[PDB]
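# give me the fold of what follows.
(4 chains)
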Amino acid sequence: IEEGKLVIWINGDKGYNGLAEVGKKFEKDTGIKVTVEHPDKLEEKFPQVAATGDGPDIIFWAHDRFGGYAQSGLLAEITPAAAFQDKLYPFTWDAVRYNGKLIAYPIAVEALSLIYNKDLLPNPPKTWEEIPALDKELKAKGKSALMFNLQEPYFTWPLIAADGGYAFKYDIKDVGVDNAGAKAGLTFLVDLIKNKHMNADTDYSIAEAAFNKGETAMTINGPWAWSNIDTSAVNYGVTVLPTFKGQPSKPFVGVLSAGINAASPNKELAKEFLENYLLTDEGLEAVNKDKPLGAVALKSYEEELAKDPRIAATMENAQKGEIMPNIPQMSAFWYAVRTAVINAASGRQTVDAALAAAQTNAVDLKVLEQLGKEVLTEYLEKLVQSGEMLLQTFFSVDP
Amino acid sequence: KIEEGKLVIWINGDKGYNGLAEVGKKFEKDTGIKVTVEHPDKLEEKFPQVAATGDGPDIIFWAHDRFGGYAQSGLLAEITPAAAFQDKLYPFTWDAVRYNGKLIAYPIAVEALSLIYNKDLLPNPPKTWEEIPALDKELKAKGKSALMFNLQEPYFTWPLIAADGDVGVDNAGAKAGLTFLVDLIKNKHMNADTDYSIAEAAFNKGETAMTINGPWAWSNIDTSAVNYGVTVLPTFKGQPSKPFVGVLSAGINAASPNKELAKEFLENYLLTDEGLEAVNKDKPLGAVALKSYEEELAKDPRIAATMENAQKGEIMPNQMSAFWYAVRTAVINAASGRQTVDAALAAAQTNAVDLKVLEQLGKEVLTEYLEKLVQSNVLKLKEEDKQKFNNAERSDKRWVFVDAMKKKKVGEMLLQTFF
Amino acid sequence: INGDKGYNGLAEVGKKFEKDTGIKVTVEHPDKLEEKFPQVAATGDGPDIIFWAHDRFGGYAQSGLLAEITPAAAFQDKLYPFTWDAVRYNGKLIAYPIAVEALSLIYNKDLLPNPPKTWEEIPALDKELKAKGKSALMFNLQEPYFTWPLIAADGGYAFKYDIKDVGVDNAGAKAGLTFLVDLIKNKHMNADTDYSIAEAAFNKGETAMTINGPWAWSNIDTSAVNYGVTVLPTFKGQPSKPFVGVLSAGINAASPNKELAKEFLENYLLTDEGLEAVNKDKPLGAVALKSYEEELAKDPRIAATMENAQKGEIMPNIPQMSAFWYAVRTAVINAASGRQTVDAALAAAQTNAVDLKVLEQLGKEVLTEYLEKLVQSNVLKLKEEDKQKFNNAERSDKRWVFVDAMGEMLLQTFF
Amino acid sequence: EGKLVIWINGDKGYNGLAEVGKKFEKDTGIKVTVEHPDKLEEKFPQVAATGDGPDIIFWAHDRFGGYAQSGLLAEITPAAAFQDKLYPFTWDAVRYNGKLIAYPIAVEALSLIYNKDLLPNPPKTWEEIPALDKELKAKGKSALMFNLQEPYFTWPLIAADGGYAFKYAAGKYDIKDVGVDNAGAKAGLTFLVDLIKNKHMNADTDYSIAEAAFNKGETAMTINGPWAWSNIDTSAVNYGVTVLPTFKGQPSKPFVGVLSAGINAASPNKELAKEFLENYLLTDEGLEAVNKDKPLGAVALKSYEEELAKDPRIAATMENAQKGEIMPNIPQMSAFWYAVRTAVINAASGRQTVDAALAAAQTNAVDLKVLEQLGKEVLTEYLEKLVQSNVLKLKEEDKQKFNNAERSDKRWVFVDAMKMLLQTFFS
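Numbers count the residues shown, from 1 in each chain, chains lettered A, B, ... in the order given. Shown next is the structure:
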């Protein structure tokens, strides 16, 4: 680790030079050089580059895959002014809340939104319960109402959690698929499949191909999919997700966050650059020019971009949507939802039996996984006397 | 990506891939079957993946070091070599390729360690290990050393370790060889930290009289002058040194509709007095499997020495851990001196069988991990592959799974988290 | 033999089997033979024959203690078909069925002169019997040996005809368990009635009918109740599936006389007076031999014990009672307490069963190599030929060959 | 609280601890009842984890360290002025992690016991043992017989020329530094087994074989502690104990255990002990009344040890304890006991050489405990599935208690929830 200057590590999602273009505004006005770098495999270098104290002082990544950094406790806290915590939506600071204090800075926001063909469906439904009758009307014209990815729990969980449902009780303690409100949401979904308003084999590609070829009226996707539906000429709107039993569908919210290192000796100067330069109207648009940040959580700027109705509804779904879990890497809980949807959609179990078995099949999958990690930890500790070769030694030929 | 009527062959860029191209189109001239010879971005792994989904080479060109993984997964078709064409290939050059009573493919080249000496520093090499310390006695007046080879890899050390004489790496004769190896180190005829880079760099500049290497090194040695000879490895106690012998073979896919014409290329065209030399012109094969034309090369005394060394050597181990790590740290500990030679052998043997225990409880825990994934049908894998998973016996479930996963949602991230 | 069946009653061969043959031999009953012979042949020694309950001989067959047995087609028709499947284990017969045991509906002829033949009569007829201060039916529900007959009454047989995880989530176990729990919500029966609470209810005489086999018969004799026993009620046109325990004679695999054990068991023990002599000391109950069983069937309860066993369920051959008992254990208590739905309780207990049995053999595997390492280091100084025996035993039974070597059993290193 | 309860092993002077304990009719007006349950050291941790048990417990110091990691005890509060009245090395014996744990009572170590009618002056070196046994074998006897099966008896000679169990670093016995493979460990070990291969000793002798042969006059010497003394006074031998012989000029180092006591962590009366201890038990007549019943051997206090030292047997016990060094407190000591012993057996059998049997034993030991922890974890996760499934009907207060306990002792907590499922892994 070095002192005298500040740095930044970002990928090719958002403009690598837009941040540079805002980068030298800092050093032009201050004199502290800010190098801006884009390491290949950023999410795979940081806990490596930081655990010994080296690396950046600040850094950028998402909030959904952020459960590998906070667990090793590295990102230092920030005492932002109350006047600063009032520049972004009050619910944004919870997405980067940990142990009680801060862990990074919100910049923008990402969430699933209801996408509908405006010519096929001029007024999209606001209610899940009215789509089966709507679909029957549309299948007589050769179309389907709603087609989105049923394979990944990321898309299907909002409806399963629509009735009094949410990921955690606030921290594991157990898998969160037990509540009887998920029975109601999962029942409705497996019905849309068994009554043939939906197919259980619909993946992301099939749902995307059906919408831009104009074969379906609605689909579930995020701002990342907006690029490919504009190549097609389908006239589409973007609105809030449909409600169920009166409660709104709440998707997962991914938020890019500007964390800063605890081994970082330029703590404050990193605050001055992010708070007073990056995180206001002038800084983001330098970033937003090279590549769009999507909806940004900064009230000042979001509203002027909220003139785009797609970006405004993307955020509206995010404010209601609940925060992407701090226990992730996509396992445990993720495994219980997916196996519950698959077995119930094919009719092997009623939904009551499916998610009850799928959840204890999840917790007992991770007692096997962590058991296997230990014997291999003991394996690895033995040959220390002398990363994928462990696959051909254990997936070898002989028994 | 499969096809009927073409032959596609894949080989490392180690080997002349142009040579096979040279032999390839001559095939399509006398026949009409257009052949394509590529050396894809690292074929050692890409093959098992694309084998399982059915595509890939019709003929795969490789050694019999790692064909364990290929035959038993069952996607390298069985062979039918006529008896009239048998009787030529060395009695032993198949034993290496013969797996599970049935033949996997046909061997081409044979590669083995050979004692490499220059003729400038000493005219005629010593034929046994025990006299090396005495000859080394007066090669330092000039300032030079007699022998430097790689001591880190068991591939080089094991020929001397087991030169004298489950069972285990700890035996009465393994002491003898190991004891002689480390006593050379304590007298500064050799150093425990000498690796492949140091040993080859010293001989190629000519301050070492003898080395132990294979024909893969001869390219760099030819390029760096040094008038050198190649002979049989030094004897220990009276028993010959037995190096690990790789035979480089030609596997053919089991998903290939053209398996008849795949042989037609290897049998009557590839392995001949002519087409063999065609690939070897651009790539030194060392010794070769055919006999009608192995002895042309045997005029070259360098290639003859490796053949005599290969006929005495063992077949490489085909399982890439345990015993290999036992011999490694047994040599490492005793060479640095911090543990007695017999203390190192005892400590190596218990770490080895404890390595295999810790290894195969992981394989049992692993087999349990995927038995749970197939049952929950998290994958939606075809009902055929799920019952076919449950039909296969316990040890091969791991392979039936991943071939029932390369098919297509992916469960490759579930498995790569397990490690 | 053991001390619960006839030692001398079967030792009376010297007076018959042996005289014709000139082959002197005779039994003796070591006490607590439960887990005591698993190793006298683990040598090649041991007796030629052993009798004991069919509970679990499969653990003593794949480990190589029981050879294949020779019943002729004419001799197999001398015993009931269902008892051959008791000792039939992976396609081979490893023993000779002698006597069998099963549940039966215990009626009494004063409250209800004609007992119910189906299960749906008892909710509707329990009414009559409810009011007057009693109850029509009640039995142990806290251990699945009693609850499984009705739960599995509609559906597949599971064990009669590979053994690992047939599964309890079948739609029939729903109908069985749903009907049973519907009996509790209508208060035809209460959720907390195990063995003694159920027997004391019938031995203090405030319930009409019960479920239990022959081992309890004497307790109803002493308490003044006039009862018989009959066949269990059918559930949805299909008979109930009570667990059929069998007493069978297996003959060792290292035995010297493979065919002399068969010639004696088949033509001398398994004949009318052969099994009789031991039935004189013993109420052998229902016997597998159709010839004599018909004469014991004068007792209408042995005929009912038999009839319930013919269509009954064969006892778990392997160590399945580790997962299955537990699978059908936790499924009932979680469902009867209203904590889970019948469907949620079945699939959970199903998957809870096979994933804890996986942990257990895994714990067996790491312990086996833990104990195996202890004998390679000679830390215990095992008299050597107590240690070749350990190294040459089957990788599974190796952990009990190690107990042979020297009661007291420490190992408390794990606890 | 209100009363004082004592646990002490049944082999000690437990009732001699009542005469001293019944003398509490002074200002304390509090009574004590001494109690001697067997398996006591096993039972205290499991019941004191729930907050019950005696106030003070007399036990060897080696297991007090395994207790205090779980916080089964409480902070000690000795004054530094009275700390000196004991022997300063005994304070390091019970000092654990940087703390105190107990108050020293007795010092216990091995010593050379000889037959004077057979052997008038003992040898002071191990090197002259083989020549002395050569003379006694001519007369039908042997020089030395002691238990070779347990490394506690063989450790003094294996450690003379610079052998140690775990190296004391700062306040801590270095666990990556094992001293059973040091130059003098080998020097002591071969000489131990050359005694066995030259037929001077025999690898089959255990404690029972040695004790009977020594008290029947069949051997001239034996190695034992103060516990075996009374059996030798019943014997017909005129015996005495003395220094242990030196090896290569250095004296042997026997393991020094101290019998001492603690004050329960959740105990309701912690200050009430401290007097019984600090002021009473530990006074000249305090230990005299328990040495009255069953002798304590060497005591940490001076003014009564000095009275005891006039009998040369306890003076030899204390002196052999001075050159000996304290037994570590740490769970890895069992891996030490396993490593040293399997090395002795295979070296005494000629099965392996001494350098070879030592190395094969050491990594056998830690590879064995690797399987132990792996066996404890699959067990721990296995019983978690048993209580979470409610198969054995508990919940009430016994279920969340178990689940809130830290994972490491989710076992002991579970089988003290037995208000049955035993060795099901042997089926």
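# quick one: residue A:144 from residue A:236, how far?
As judged by Cβ to Cβ, to the nearest Å, residue A:144 and residue A:236 stand 15 Å apart. No exception for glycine: its C-beta is placed from N, CA and C like everyone else's.
# I misspoke; the intended subject was residue A:98.
Computed with Cβ to Cβ, the distance linking residue A:98 and residue A:236 is 37 Å.
# what residues does the stretch 151-300 of chain A put near chain B?
A:151, A:201, A:203 (Cβ under 8 Å from any Cβ of the partner chain).
# so what does residue A:257 have for phi and psi?
Dihedral pair for residue A:257: phi -140, psi 140, per degrees, to the nearest 10.
# now do the same contact list for the closest residue in space to it that isn't next to it in sequence.
Excluding the flanking residues, the one nearest residue A:257 by Cβ to Cβ, 6 or more residues apart in numbering or on different chains is residue A:104, at 3.6 Å. With contact set as Cβ atoms under 8 Å, 6 or more residues apart in numbering or on different chains, residue A:104 has these partners: A:66, A:75, A:78, A:96, A:257, A:258, A:259, A:260.
# now the buried members of the residues you listed.
The neighbour count (16 or more other Cβ atoms under 10 Å in any protein chain shown) marks A:66, A:75, A:78, A:96, A:257, A:258, A:259, A:260 as buried among the contacts of residue A:104.
# residue A:88 is in contact with the fourth one, correct?
No - under the criterion of Cβ atoms under 8 Å, residue A:96 lies out of contact with residue A:88, with a separation of 10.7 Å.
# residues that sit against both of those two, list them.
By the contact definition Cβ under 8 Å, 6+ apart, residue A:96 and residue A:88 are jointly contacted by residue A:106.
# tell me which parts of chain A are close to chain D?
Applying Cβ under 8 Å from any Cβ, we find that chain A lies next to chain D at A:364, A:367, A:371, A:374, A:375, A:378, A:382.
# most neighbours, which of the residues you listed?
For the residues of chain A next to chain D, the largest number of neighbours (other Cβ atoms under 10 Å in any protein chain shown) sits with residue A:375, at 25 neighbours.
# and residue A:98 and residue A:236? Which one has more around it.
Neighbour totals were compared for residue A:98 and residue A:236, and residue A:236 leads with 22 against 15 (other Cβ under 10 Å).
# what secondary structure does the nearest residue to residue A:9 once chain neighbours are set aside sit in?
For residue A:9, ignoring the flanking residues on the chain, the nearest one in space by Cβ to Cβ, 6+ apart is residue A:59 at 4.8 Å. Of the three states, residue A:59 takes strand under DSSP: H, G, I helix; E, B strand; the rest coil.
# residue A:22 too?
When classified by three-state DSSP, residue A:22 comes out as helix.
# against which helices or strands is the helix or strand harbouring residue A:315 packed?
Element membership for residue A:315 (DSSP states H and E) is helix A:309-320. Packing partners of helix A:309-320 (3 or more Cβ pairs under 8 Å, 6 or more residues apart in numbering or on different chains; DSSP states H and E): strand A:108-109, strand A:113-117, strand A:236-239, strand A:295-296, helix A:299-305.
# hey, which of the ones you listed is tucked in deepest?
Highest mean neighbour count among those (mean count of other Cβ atoms under 10 Å in any protein chain shown): strand A:108-109, with a mean of 28.
# relative to helix C:342-376, how tilted is the helix or strand that residue A:360 is a member of?
Assigned by DSSP H and E, residue A:360 belongs to helix A:351-382. Using axes from the mean of the first three to the mean of the last three Cα atoms, to 10 degrees, one finds that helix A:351-382 and helix C:342-376 are set 20 degrees apart in direction.
# mind listing what's buried along helix A:351-382?
The neighbour-count check on helix A:351-382 (16+ other Cβ under 10 Å) flags A:351-369, A:371-372, A:374-376, A:378-379, A:382 as buried.
# you'd agree the residue nearest to residue A:9 is up against residue A:262?
No - the pair residue A:59 and residue A:262 fails to qualify as a contact (Cβ under 8 Å) at a distance of 11.7 Å.
# in the stretch 101-250 of chain A, what residue spans correspond to strands?
Applying DSSP state E, counting those that start in this stretch to the stretch 101-250 of chain A gives strands spanning A:101-102, A:105-106, A:108-109, A:113-117, A:144-146, A:216-221, A:236-239, A:243-244, A:247-248.
# run through the residues that contact the residue nearest to the spatial centre of chain A.
Central residue of chain A (Cα atoms, centre = their mean): residue A:254, 3.5 Å from the mean position. With contact set as Cβ under 8 Å, 6+ apart, residue A:254 has these partners: A:62, A:63, A:64, A:109, A:110, A:111, A:324.
# would you quantify the distance from the closest residue to residue A:376 other than its chain neighbours to chain D?
Distance criterion Cβ to Cβ, 6+ apart; nearest residue to residue A:376, sequence neighbours excluded, is residue B:362 at 5.5 Å. Plainly put, residue B:362 is 11 Å away from chain D if you go by Cβ to the nearest Cβ, to the nearest Å.
# any idea how far residue B:362 lies from chain C?
Applying Cβ to the nearest Cβ, the value for residue B:362 to chain C is 11 Å.
# who's residue A:98 bridged to?
Residues in a beta bridge with residue A:98, per DSSP bridges, are residue A:101.
# wait, it touches residue A:326, no?
Yes - using Cβ under 8 Å, residue A:98 makes contact with residue A:326 at a distance of 7.0 Å.
# find the residues that touch each one of the two.
residue A:70.
# residue A:324: how many residues sit nearby?
22.
# might one say that it is in contact with residue A:96?
No - assessed by Cβ under 8 Å, residue A:324 is found out of contact with residue A:96, at 10.8 Å.
# what's the overlap in contacts for these two?
In terms of Cβ under 8 Å, 6+ apart, residue A:324 and residue A:96 are both contacted by the residues residue A:63.
# ok, now which ones touch residue A:390?
Counting by Cβ under 8 Å, 6+ apart, residue A:390 makes contact with A:376, A:379, A:380, B:419.
# ok so, going back, most widely separated two among the buried ones among the contacts of residue A:104?
A:66 and A:78 (15.3 Å; Cβ to Cβ).
# gap between the two ends of stretch A:171-182?
End-to-end distance for stretch A:171-182, by Cα to Cα, to the nearest Å: 20 Å.
# which residues sit against it?
A:160-169, A:326-327, A:332-333, A:336-337, A:340, A:355-356, A:358-359, A:362-363.
# mind checking which of the residues you listed are in helices?
Applying DSSP state H to these, the entries found in helices are A:160, A:333, A:336, A:337, A:340, A:355, A:356, A:358, A:359, A:362, A:363.
# doesn't residue A:183 make contact with the first one?
So that's residue A:160. No - the criterion here is Cβ under 8 Å, and residue A:160 misses it with residue A:183 at 9.1 Å.
# neighbour count: these two, which is higher?
Set side by side, residue A:160 and residue A:183 show more neighbours around residue A:160, with 27 against 21, by other Cβ under 10 Å.
# pull the contacting residues for the more buried one.
Listed by Cβ under 8 Å, 6+ apart, the contact set of residue A:160 reads A:182, A:185, A:186, A:189, A:337, A:341.
# what about the second one, neighbour count?
Residue A:185 is flanked by 26 other residues according to other Cβ under 10 Å.
# what of residue A:230?
By other Cβ under 10 Å, the residues close to residue A:230 number 11.
# same thing with the one 10 residues further on?
By the criterion of other Cβ under 10 Å, residue A:240 has 17 neighbours.
# with residue A:122 instead?
A count of nearby residues for residue A:122, using other Cβ under 10 Å, gives 9.
# biggest separation within the residues of chain A next to chain D, which pair?
Greatest spacing in the residues of chain A next to chain D, by Cβ to Cβ: A:364 and A:382 (27.7 Å).
# who has more neighbours out of residue A:59 and residue A:262?
Just comparing residue A:59 and residue A:262: by other Cβ under 10 Å the higher neighbour count belongs to residue A:59, 26 against 14.
# so who does the closest residue to chain B within the stretch 1-150 of chain A touch?
In the stretch 1-150 of chain A, the residue that lies nearest chain B is residue A:149 (9.6 Å; Cβ to the nearest Cβ). Contacts for residue A:149 were tallied using Cβ under 8 Å, 6+ apart; they are A:155, A:156, A:202, A:203, A:204, A:207, A:220.
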